[PDB]
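Below is one structure, written out as structure tokens; the observations come after it.
All Cβ positions, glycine included, derive from the backbone under ideal geometry; neighbour counts span all protein chains shown. Coordinate-derived values only; no laboratory data.
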Amino acid sequence: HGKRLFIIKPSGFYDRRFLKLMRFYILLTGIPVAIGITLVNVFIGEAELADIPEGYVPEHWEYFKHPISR
Amino acid sequence: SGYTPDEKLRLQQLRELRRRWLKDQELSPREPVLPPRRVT
């Protein structure tokens, strides 16, 4: 049936534009951060705890577990 | 009771304008001009 009418609604162009820009920018730095975290976890992730060797005093950053924290 | 003649006339003109305006709200066959572009 050919009875299509005009739906008067406010301009939603600017809302979609802002949402697209914010998503793009968050994603722009966000995706690389996630990929790098995944690669670090898989390949170099988690240093296991061990007793300190006699006569050896460790560095201040060797008392932490996660490589990014170190 | 009933409309005064001026009331009748104003109602007639207003209702004809309103019907014309409402009829102008309909969409032509090409009215939603969509711009195409892509990237069990």
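In this simple spin-label model, placing a label point 7 Å from the Cα along the Cα-to-Cβ direction at both residue B:18 and residue A:43 gives a separation of 7.3 nm. Annotation: amide H-H contacts under 5 Å for residue B:27 (H modelled 1.01 Å from N, sequence separation of 5 or more, or interchain): A:4. For chain B, the dipole from Cβ point charges (+1 on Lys and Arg, -1 on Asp and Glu) about the Cα centre works out to 240 debye, to the nearest 20. Report the paramagnetic label zone for residue A:6: residues of segment B:19-36 whose backbone N is under 11 Å from a point 7 Å from Cα along the Cα-to-Cβ axis. Under cut-off, by backbone N: B:21-28. In chain B, inverting the average of 1/r over every pair of distinct C-alpha atoms gives 14.0 Å as the Kirkwood radius. Pairwise inverse Cα distances across the protein assembly as shown, averaged and inverted, put the Kirkwood hydrodynamic radius at 22.9 Å. Partners of residue A:3 within straight-line reach, counting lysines whose Cα lies under 16 Å from its Cα and excluding those fewer than 8 residues away in the same chain: B:23.
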